[PDB]
Amino acid sequence: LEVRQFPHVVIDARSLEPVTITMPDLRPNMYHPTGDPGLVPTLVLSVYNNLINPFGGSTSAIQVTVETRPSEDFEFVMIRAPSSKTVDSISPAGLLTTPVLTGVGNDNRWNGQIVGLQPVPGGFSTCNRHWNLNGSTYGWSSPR
Amino acid sequence: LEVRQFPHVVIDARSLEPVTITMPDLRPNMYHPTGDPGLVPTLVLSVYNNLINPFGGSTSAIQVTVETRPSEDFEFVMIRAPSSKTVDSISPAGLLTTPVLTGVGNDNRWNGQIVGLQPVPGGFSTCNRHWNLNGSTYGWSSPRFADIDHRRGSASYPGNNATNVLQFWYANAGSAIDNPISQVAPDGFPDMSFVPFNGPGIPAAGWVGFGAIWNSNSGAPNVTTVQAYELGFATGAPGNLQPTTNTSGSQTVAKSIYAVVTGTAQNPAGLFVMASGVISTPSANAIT
Amino acid sequence: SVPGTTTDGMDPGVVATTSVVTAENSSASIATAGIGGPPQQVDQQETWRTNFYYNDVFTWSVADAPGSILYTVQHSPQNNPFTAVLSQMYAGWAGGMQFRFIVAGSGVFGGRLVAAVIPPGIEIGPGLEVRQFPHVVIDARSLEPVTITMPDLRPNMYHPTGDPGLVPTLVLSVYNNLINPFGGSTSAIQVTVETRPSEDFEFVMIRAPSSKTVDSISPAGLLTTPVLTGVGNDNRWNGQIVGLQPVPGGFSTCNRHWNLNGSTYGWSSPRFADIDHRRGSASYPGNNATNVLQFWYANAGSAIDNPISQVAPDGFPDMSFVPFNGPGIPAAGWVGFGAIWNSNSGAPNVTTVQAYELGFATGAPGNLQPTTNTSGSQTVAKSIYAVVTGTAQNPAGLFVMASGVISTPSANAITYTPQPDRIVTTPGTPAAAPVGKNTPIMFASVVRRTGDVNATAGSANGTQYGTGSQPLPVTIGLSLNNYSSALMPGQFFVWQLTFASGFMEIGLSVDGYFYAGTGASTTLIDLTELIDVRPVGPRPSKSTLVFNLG
Amino acid sequence: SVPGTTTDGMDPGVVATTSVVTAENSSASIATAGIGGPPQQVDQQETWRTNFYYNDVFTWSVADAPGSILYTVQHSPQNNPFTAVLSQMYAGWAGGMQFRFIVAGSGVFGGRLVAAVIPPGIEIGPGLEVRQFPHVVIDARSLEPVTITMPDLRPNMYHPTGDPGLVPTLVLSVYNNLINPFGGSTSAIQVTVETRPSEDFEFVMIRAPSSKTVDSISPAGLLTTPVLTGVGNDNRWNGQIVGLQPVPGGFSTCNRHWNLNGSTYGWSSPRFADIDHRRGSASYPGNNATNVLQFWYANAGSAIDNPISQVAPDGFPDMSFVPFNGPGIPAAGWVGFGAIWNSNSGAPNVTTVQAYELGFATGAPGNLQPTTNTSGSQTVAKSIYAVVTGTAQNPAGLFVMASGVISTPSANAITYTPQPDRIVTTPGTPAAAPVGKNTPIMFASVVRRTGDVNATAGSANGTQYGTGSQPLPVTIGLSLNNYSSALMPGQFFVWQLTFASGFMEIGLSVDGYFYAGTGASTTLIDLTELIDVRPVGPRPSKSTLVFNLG
């Protein structure tokens, strides 16, 4: 995909005022039902010119913050009960909160409070109570 | 699904005049094609308030009847030939008709008249001759009852003397180049595990069909080695026979249930069994 | 300006009138079809009402004499593909139906057609002088299409959907002989009929579609496209129908053969179940019981096994017994794997199973002879390979499986085994006789033999064919529903089978036999390039069905 | 006052709307398509949208029966050349398209052509009856052109160029048989389809030029000019494609054969690198290990290192083994220079480097027979020449280069190798069959031989033509791109190859094979005078491709 020949906007790394693009709702439907919205436009941020740092190493990354606001023609239709839900992953964000690390919560080898995290170069392997993101694990010892 | 938190209409059980409500065509498409309509609204009649009979007794049920009628805005849009995609491709309504379930239609395992519905509360799974709504099977049979015919499966007989000997035949699954669909087993092979049996003992609850053994070099079936052969699946052929469910690593295995004078020991030999089958029972009494 | 070379789908062309089409007929038709209520589906701007949709095509060659009828359609709502669908929800119909004829001839051709509306009650066939009716003559050099209206000349108030009654007929016979003034192999043109309901056509009263359905009002859906390609079997062998075998001498089939009156004259249900008989005698010849041939017999008329007829038990083949003795394999016989059970217990005996040829004979204890008639004959079974020992019990029983194979002395294939000279028939069945150039056919199928198990279609040893009179879905649908008010005697119900190269037609008699028009040809039809099967309706019996495979 | 013989580019001729070109359809199409923003390229004075431009010319034979599809096109911007140029410039379209038909026939011809607009939900194939839709009928004697406008019927707001969804399809099939009343060599006329966008056509969004989409790109770019007469090899050996030979009856290659939907049935990814195996037993006949032949064999299923399928190692050649014994070299086969190598970090053995013949055997090491199928078999390899040493270790393997030659004893004229009855098949393969008059073809190459080192295309006896299935640049272009929606199945994507004296057409069906209208001929067609190749588009299987050769 070659974003530089679409109708685009250019965002400098050292810009003060933030750059605004507008995403129209180019759809082959009349609306998008929540749950099966169909074909939607995508918004792609490509690199126009690669990031240069004249200092050298140290800082080699720049955070860019995306902000969002509805346009004039945005609307909702066909009110439903709030008990119906579509996004059921717990995005996988809710499974690790703040008191998990500064309070309750424990390990896969002992029933002991987590107070450290220790990096290991080269890698390691653990599969006893280590579940993957899918609905399976490789081994015995259900987590209890 | 909380029906009462939508825009809703409450209907009393003491209502006398009928109440009608219109379905709007809440669609994302321009129109609904006949074959693939798309996303459509749904209409639900759930209990708002619990039905009470103030007497108490066995007469605690009433009935609601739904009738239907197209609205003032209903239409069909473009005409097409009825010899196009027919009623048997747009909805599976005509697969189960009234003469099918009474006295004409058979089942996909036994080719006998469907005379009942057997509930399976523990659940089951069927692979052979079972088609889904996607028009694809995972089994090894066409949708008919044809013969089982396999080339170059080994045959043998136990012992040395060939008087009243039980014929044995086996071939590994995955090697039967007989079907255009899948090659775990040849066409018409039953999906039944082999219950082992030795000597003059009739096996219990097994697919048994009349069969024979033909030489691969000529195609001629041999004269004397026909019998009622139980057809099935096993795991270990030369040693102890055991039942199996999985096809990967197992082998299609056939063995006659009555005594046959002599028998072929040819390794590229072939097996020919008929389409329908009967039930192997040790006694005359029926079983489950 | 619109040139006459291109035609619109709503364009009638030149509206040629006939004296049967009057204003008095139309006014009477509405004023007397008003007893059905208000007219239904009479919106004049509907696309199915205004457009001409395909009905038929037919060939007019220079070898057709004047007076020879090329086209014949009955007045029906099954002519149009859309009034055939709308008649599923209405219990009657009344009114007319226009027919547009497009003659694809150049200006160098000559000769003329003629188009008369025959009133009901008149026999349609050879000898019908079309040119002495009120008629319309159509040139072969005609460029604009010509349309003529069928009036609804009926004695009833309206036509019920199931039983319409007496309807007019429309014939396109040769007025003047077609001439190509050059002479050569390009001596044929084609005329296409399309159809469209008239301004006075209507349906009268509504009814539930879950009433008498499409499988009871016309036998159009008995022969569908997947039935004749790779799904439907035959009524004799339970194998895939892979061909059409013409029988120029004619045949007759009794068992598992249903007519359009929903009745059979044979002794089998419309399925392939086991043969099971109680108290038929069994014996073995000689005294020693080593390598002995098992014999079984029971008199016809005594098998209390069926709710239909008791000449033979269910699933018994209608094949004459070819006699055989010793270690000699019989030729062209129904042989199926069987056994013998004692009647006092029901237990099948251990060793007496074999490939038993099943059939009919006349004299059991002496010399065996073949037979055709069932009255005075007896159902007789005998194994074809040697069986150690064997039952001699007189109240004994016989159990054979449903399907069968072919008894062949060698591995080489032979002709189709149910020849008409050996088919067991009860007294009283009709015979499939040729009617003009049309000849009866039997639906062939690849049936394997005892000389070669691996014999399939295209095998280098030679294919073995087994023929049955009807397809199994056709005789299954014929036993549940009635088509007495769908085809008068002297008529066929014709389907159009189109192939990858040409096309051909088969027709269903009142007596239940199928008829392809091939003359004295006996070549088997390939039936592997069959792509389309569609119905065209009732046609006269003494009309040659079109047949050109290329 | 134009006479009608001369037509302008901007002249529609006579406009024939069937029933689907309605005004409120255009009003509901124009107002809906503003979901893409303002409409683009909407100016009805521009010469690209006011003139009719060539799309595709086709023939109409006297052998075409009624109902045979001659020209079918799905609704697309690719039916017009300038709309197909702007289709890579824009990211969606909405609107109808006028199709203008010019019939090159004199006044002495006869026969008609039906033309219908099929609704978008209708599957188009064998069972589609075109003449039961609202249609128009066009005579072969049409002097003025006939314009049929296909409107944009859609269940979508607009059609994305990546996922258009459901589009209507204009089908122009045979209405009546074309008659030339003359016989002779003249049996076909030509109809040319011009195309012009309608007054409601529009593009919507921009996108980058030739931005790759969800839609499969049309495979007109994978077959170019230098493939036939320059670079480009075949699937089995690395040799230049010098000609084509049509095999009558069909064949089945599934080693390096990729379907148009990107997937393989079989092993051996398309690269002639090497063949390697690690597990397999080696043996030798005779009591003396001197001047013997090494005998390697292993079962089918031991190719653990193969990342596609386990049935064969990477690069194993797909032919049945021809058995031989003694000093006489066998007829044909695949020989390749190789060596043994032992496992457990073992070097290949110094004293045994010889030409080994590869193949699939059954019953090794006893009675070796050819086998048709890859399943239920075992890979084998034995040398044709004499080696003074032999190994008998149970762990052993091969190291053979991936390109081979054919060993023949006398090599005077021989026979092209491999035969269609010799090629083994990975099981469950779809088989190429000749449909219509179109037969499958095969790409031949000059292959060296062991009998004569100088296998040059010249004098001193004729050459040996090793035959491979599809060109390897085409396999390269098909192994990465998925073309499941590039063409609707039942057709083939046809091109136009022009020689120095004639031209012929070949098509590429969904199975990956090539079909040409050569008929029943086994003549080797030489690619020496080929000049240029021009793409055409999709064309149905019943349309006979031309075979105009000098």
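Residues numbered from 1 in each chain as written, not as in the entry; some residues may be left out. Chains lettered and ligands numbered in written order. Part of a larger assembly, values for the part shown. Heavy atoms only, no water. Residues with missing side-chain atoms left out of burial classes, pairs and counts.

- As named in the PDB entry, chain B is Capsid protein VP60, taken from Rabbit hemorrhagic disease virus.
- The deposited entry bears the title "CP of empty RHDV virion".

- Going by the annotation in the PDB entry, the name recorded for chain A is Capsid protein VP60, with Rabbit hemorrhagic disease virus given as the source organism.

**Observations regarding the overall build of chain B**
Thinking step 1. Of the regular secondary structure elements, chain B holds two helices and eight strands.
Thinking step 2. Its helices and strands taken in sequence order, chain B reads α-α-β-β-β-β-β-β-β-β from the N to the C terminus.
Thinking step 3. Its C-alpha atoms give chain B a radius of gyration of 29 Å, more than 25% over the compact-globule value 19 Å for 288 residues.
Thinking step 4. For the C-alpha atoms alone, the extent of chain B along its principal axes is close to 85 × 55 × 35 Å.
Thinking step 5. A buried classification covers 33% of the 288 residues belonging to chain B.
Thinking step 6. Relative to all contacts within chain B whose residues are 6 or more apart in sequence, the contacts with residues 24 or more apart total 64%.
Thinking step 7. Put simply, chain B shows about 17900 Å² of open surface, and 55% of that area lies on carbon and sulfur atoms.
Thinking step 8. Distance from the positive charge centre (12 side chains) to the negative charge centre (17 side chains) of chain B: 7 Å. (Helix = DSSP H or I, 4+ residues; strand = E, 2+ residues; numbered from the N terminus. Rg over C-alpha atoms; globule rule 2.2 N^0.38 Å. Buried < 20%, exposed > 50% of the residue type's maximum accessible area, 1.4 Å probe, protein only. Contact = heavy atoms within 4.5 Å. Areas by Shrake-Rupley, 256 points an atom, 1.4 Å probe, with all protein chains shown as cover. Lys, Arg positive; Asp, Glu negative; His and termini not counted. Charge placed at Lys NZ, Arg CZ, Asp CG, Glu CD.)

**Let's talk about the overall build of chain A**
Thinking step 1. In terms of regular secondary structure, chain A is built from zero helices and zero strands.
Thinking step 2. Taking 2.2 N^0.38 as the reference for a compact globule, 144 residues should give roughly 15 Å; the C-alpha atoms of chain A span a radius of gyration of 23 Å, well beyond that estimate.
Thinking step 3. In terms of principal-axis extent, the alpha carbons of chain A reach across some 55 × 55 × 30 Å.

**Digging into the relation of the copies chain D and chain C**
Thinking step 1. In the superposition of chain D on chain C (RMSD 2.6 Å, axial shift 2.2 Å), the rotation amounts to 54°.
Thinking step 2. Different-surface contact between copies: only 16% of interface residues of chain D are shared with the interface of chain C. (Least-squares fit on C-alpha atoms.)

**Concerning the sheet that holds strand 4 (residues 69-74) of chain C**
All names here are of chain C.
Thinking step 1. Pairing within the open sheet is antiparallel, and its four strands lie in the order 4-11-7-8. Across the chains shown, the open sheet's two edge strands, defined by having one partner strand only, are strand 4 and strand 8 (135-139). Between one strand and the next, the sheet's axes are offset by a mean angle of 20°, whatever the strand orientation.
Thinking step 2. Alignment of strand 4 against strand 11 (residues 169-179), held across five bridges, turns out to be antiparallel. (Pairing = 2+ DSSP bridges. Axes fitted to C-alpha atoms, helices over the stretch in contact; angles between N-to-C directions.)

**Comments concerning the interface of chain B and chain D**
Thinking step 1. The interface is formed by 15 residues belonging to chain B together with 23 residues belonging to chain D.
Thinking step 2. For the pair chain B and chain D, the summed buried area comes to about 1500 Å², and 65% of that belongs to carbon and sulfur atoms.
Thinking step 3. When residues of chain B are sorted by the area they lose upon contact with chain D, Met30(B), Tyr31(B) and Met78(B) head the list and together hold 30% of the total.
Thinking step 4. Connecting chain B to chain D are zero salt bridges.
Thinking step 5. There are two residue pairs in polar contact connecting chain B and chain D.
Thinking step 6. Of the residues belonging to the side of chain B that touches chain D, the class tally is seven nonpolar, six polar and two charged. (Buried area = accessible area lost by both parts, 1.4 Å probe. Salt bridge = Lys/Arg side-chain N within 4 Å of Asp/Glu carboxyl O. Polar contact = N/O pair within 3.5 Å; in protein donor to acceptor, adjacent residues only side chain to side chain. Nonpolar A, V, L, I, M, F, W, Y, C, P; charged D, E, K, R; others polar.)

**As for the interface of chain D and chain C**
Thinking step 1. Taken residue by residue, the interface counts 37 residues in chain D and 38 residues in chain C.
Thinking step 2. Our count for the contact surface shared by chain D and chain C stands at zero salt bridges.
Thinking step 3. In terms of residues, the side of chain D that touches chain C owes the most to one element, strand 7 (residues 135-139) of chain D, which gives five residues.
Thinking step 4. Among the residues forming the side of chain D that touches chain C, the class breakdown is 17 nonpolar, 14 polar and six charged.
Thinking step 5. Sheet topology places strand 1 (residues 6-7) of chain C next to strand 7 of chain D; two bridges connect them, and they run antiparallel. Residue pairing for strand 7 of chain D: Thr7(C) is matched across the bridge by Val137(D).

**A closer look at the sheet that holds strand 2 (residues 14-15) of chain C**
All names here are of chain C.
Thinking step 1. A sheet is described by the order of its strands in space; here five strands give the open sequence 2-9-6-12-3, paired in mixed fashion. This sheet does not close on itself; its edge strands, each paired only once, are strand 2 and strand 3 (53-61).
Thinking step 2. In the sheet, strand 2 pairs with strand 9 (residues 146-150) via two bridges, with the strands oriented parallel. Bridge pairing in strand 9 places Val15 opposite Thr147.

**A short note on the pattern of salt bridges**
Thinking step 1. According to the stated counting rule, one finds 22 salt bridges over all chains in the structure shown.
Thinking step 2. Between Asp12(A) and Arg14(A) there is a salt bridge whose closest N-O contact spans 3.3 Å.
Thinking step 3. Where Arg154(C) meets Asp152(C), a salt bridge forms, and the shortest distance between an N and an O atom there is 2.9 Å. A single burial state applies to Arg154(C) and to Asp152(C), both of which are buried.
Thinking step 4. Shared partners join several salt bridges into a network, and the residues in it are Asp56(C), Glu505(C) and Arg539(C).

**Focus: the arrangement of the chains**
Thinking step 1. Of all five pairs of chains that touch, the greatest number of contacts is found between chains C and D.
Thinking step 2. Chain C makes no contact with chain A, the minimum C-alpha separation between the two being 28 Å.

**Some words on the packing of aromatic side chains**
Residues and elements named next belong to chain C.
Thinking step 1. Under the counting rule described, the total for this entry stands at 37 aromatic pairs over all chains.
Thinking step 2. Summarising the aromatic geometry, the rings of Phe316 and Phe360 are spaced 5.2 Å apart at their centres and angled 75° between planes, so their arrangement reads as edge-to-face. With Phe316 in the loop between strand 17 (295-299) and strand 18 (334-341) and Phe360 in strand 19 (residues 348-361), this pair connects stretches of sequence that are 44 residues apart.
Thinking step 3. A network of ring pairs unites the aromatic residues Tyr90, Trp93, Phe201 and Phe203 as a single cluster. (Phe/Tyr/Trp six-rings, centres within 6.5 Å; stacked < 30°, edge-to-face > 60°.)

**A word on unusual backbone geometry**
Thinking step 1. For the peptide bond that leads from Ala364(D) to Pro365(D), omega is 0°, which places it in the cis range.
Thinking step 2. Structurally, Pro365(D) is set in the loop between strand 17 (348-362) and strand 18 (369-370).
Thinking step 3. The residue after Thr417(D), namely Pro418(D), is reached through a cis peptide bond having omega -5°.
Thinking step 4. Tracing the backbone shows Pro418(D) in the loop between strand 20 (397-401) and strand 21 (439-440).
Thinking step 5. A positive phi angle, near 55°, is found at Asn111(B), a position not held by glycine.
Thinking step 6. Even without a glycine there, the phi angle at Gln41(C) is positive, about 55°.
Thinking step 7. Counting through the fold element by element, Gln41(C) comes out in the loop between helix 1 (23-33) and helix 2 (47-50).

**Quick word on the pairing of strand 7 of chain D**
Thinking step 1. Of all five residues in strand 7 of chain D, five are buried; the element is thus mostly enclosed.
Thinking step 2. Covered by surrounding structure in strand 7 of chain D are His135(D), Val137(D) and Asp139(D) together with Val136(D) and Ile138(D), the residues of both alternating faces.

**Notes on the side chain of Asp200(C)**
Residue and element names in this part refer to chain C.
Thinking step 1. Mapping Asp200 onto the fold places it in the loop between strand 12 (188-197) and strand 13 (202-203).
Thinking step 2. This buried residue, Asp200, is left without a salt bridge; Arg49 holds the nearest opposite charge, at 6.8 Å.
Thinking step 3. Among the polar contacts made by the side chain of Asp200, one reaches the main-chain amide nitrogen of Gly96 at a distance of 3.0 Å.
Thinking step 4. Not counting the four nearest positions on each side in its chain, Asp200 is found in contact with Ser26, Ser29, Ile30, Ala94, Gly95 and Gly96.

**Thoughts on the pairing of strand 20 of chain D**
The two faces of a sheet get side chains in turn, since along a regular strand they alternate between them.
Residues and elements named next belong to chain D.
Thinking step 1. Bridge count for strand 13 (residues 274-276) against strand 20 is three bridges, and the pairing is antiparallel. Note on strand 20: the bridge partner recorded for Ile275 is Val400.
Thinking step 2. Alignment of strand 16 (residues 334-341) against strand 20, held across four bridges, turns out to be antiparallel. Bridge pairing in strand 20 links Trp341 to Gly397.

**Focus: helix 5 (residues 472-480) of chain C**
An α-helix turns once every 3.6 residues. As a result, residues three or four positions apart point the same way.
Thinking step 1. Along helix 5 of chain C, the positions that sit buried rather than exposed are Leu472(C), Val474(C), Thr475(C), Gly477(C) and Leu478(C).
Thinking step 2. Turning to helix 5 of chain C, the residues buried within the fold contact strand 26 (514-516) of chain C.

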